[PDB]
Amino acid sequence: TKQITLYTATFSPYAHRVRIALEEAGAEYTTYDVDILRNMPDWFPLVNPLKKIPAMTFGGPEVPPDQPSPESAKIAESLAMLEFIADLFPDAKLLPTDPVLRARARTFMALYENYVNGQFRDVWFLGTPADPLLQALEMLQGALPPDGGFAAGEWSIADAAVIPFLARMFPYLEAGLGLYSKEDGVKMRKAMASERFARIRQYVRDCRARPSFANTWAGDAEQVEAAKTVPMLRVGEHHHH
């Protein structure tokens, strides 16, 4: 009965995680875009004092999203939201029931957050060399079951956590968006098309094929256009050596 409102933005992979999870849960919920990076509403710190997207409200009285109520629970951090949605919709099996397989899902999420996401940040926002990122992606790929399936076998929130980032990489590369040089851009594209990364391409296809992805993705070209609005992606700018 308790309402869910997700404050969102199309460019944001962190918001995308939570939308995918709500889709897989079969939840009833509201999304409300926020221009967090250019024109933050002055009421936004009431739903998240960290001034980051996503933000979530839960319960309280039904109110327009730009008039959040003090009675709703204010939930921050995308992975905490993923675990919360799993807790709220236990019959949707957003996590395995078996402890070791659940652990595989939590490990995959931590591998992405601890070793991969910062390399994406380095390469795309600072234009540092791509090799440490390719190395971290090979490590992540290796945590996948090699003969197919999702991170923990069956689909789980761990795949919600990771696919927003991997799904952005390919079209952003094809647009040359990000502070890396053309040389590293070509090197990444060749690498991500090579047999070294066949397994992660299968993984990206399997995740994108689910309705939770189709329903929360603007389309490749539209997502590239939203990403061009991100100040830190510095459209037209590239660093060399």
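Rigid core (definition): largest C-alpha set, two forms, superposition within 1.5 Å. Don't overthink the numbering: it's just position in the shown sequence, from 1.
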Item to check | More shifted region, core-based fit in 8 other deposited structures of this protein, 45 to 53 vs 29 to 37 by CA | outcome: 29 to 37
Checklist entry - Comparing 164 to 172 with 103 to 111, which stretch shows the greater average C-alpha B-factor in the deposited entry? => result 164 to 172
Item to check | Segment of higher mean CA temperature factor, 210 to 218 or 42 to 50 | outcome: 42 to 50
Next on the checklist: Take the CA temperature factors straight from the PDB entry and tell me which of 159, 91, 83, 77 peaks.
Outcome noted: 91
Next on the checklist: Looking at 143, 152, 73, 130, which one carries the largest C-alpha B-factor according to the PDB entry?
Outcome noted: 130
Checklist entry - Taking the entry's C-alpha B-factors for this chain, is residue 136 in the lowest, middle or highest third? => result middle
Checklist entry - Comparing residue 233 with the other modelled residues of its chain, is its CA B-factor in the lowest, middle or highest third? => result highest
Checklist entry - Considering only modelled residues of the same chain, in which third does the CA B-factor of residue 9 rank: lowest, middle or highest? => result middle
Checklist outcome for this item: On the chain's distribution of Cα B-factors, residue 126 falls within the third called highest
Checklist outcome for this item: Of the three thirds of the chain ranked by Cα temperature factor, residue 29 occupies the middle
